[PDB]
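Just one chain follows, in the form deposited in one PDB entry, and it is written as structure tokens.
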């Protein structure tokens, strides 16, 4: 008897839902009087499954109404922890621990990627005689990002970027950048939100109307 993990690492996007698995030998059928499943992370209990039931009282405050153990999977020899709406606090080392005659644990590490991939934009005519426009790009993510404006002819341009803490998601940043430029209908520009360590670029295409 030993627990096995088909996936050692999980990379999961902010706000989405994850299923992290642990597999254990089940020759015949589950004797739920003998079955225990314990999920935790950084010494905080997520799930304690005993005598066929989830002990939700011992569940840590953080995970209330978010985490649960898929029970259809238990019959197959698979203890699947599903957590919904992944925060940046859910980055950590997750211990899964099962006792069924023998008893053994495995580790699973989770990283939470919070990309600047929901990009909002605005294009305004500031002065139609000089055909000066104001382009704007906003997005949210973690950590801080810089905005990089480029034209269709690959010219870097000077934008004005304003980084604040997000009024939606406490831990994320709200990055808004503004480009003033002279241009005409159908010309194409790009704003590119750049995170670092490791580098990651998300880019939206603005079409001047």
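Positions refer to the first chain, counted from 1.
Taking the mean C-alpha B-factor of each stretch as recorded, 75-83 and 128-136 are not equal, and the higher mean is that of 75-83.
Set 175-183 against 62-70 and average the Cα temperature factors; 62-70 ends up higher.
For residue 146, the recorded CA B-factor ranks within the middle third of the chain. Only modelled residues enter the ranking.
Per the PDB record, residue ranking by Cα B-factor puts residue 91 in the highest third of the chain. For residue 191, the recorded CA B-factor ranks within the lowest third of the chain. Only modelled residues enter the ranking.
When the modelled residues of the chain are ordered by C-alpha B-factor, residue 170 sits in the highest third.
In the deposited entry, the Cα temperature factor of residue 160 places it in the middle third of its chain's modelled residues.
Not on display, but discussed next: the form deposited in another entry.
Structural comment: of the residues 30, 115, 176, 71, the hinge joining the rigid parts that turn between this form and the one not shown is found at 115.
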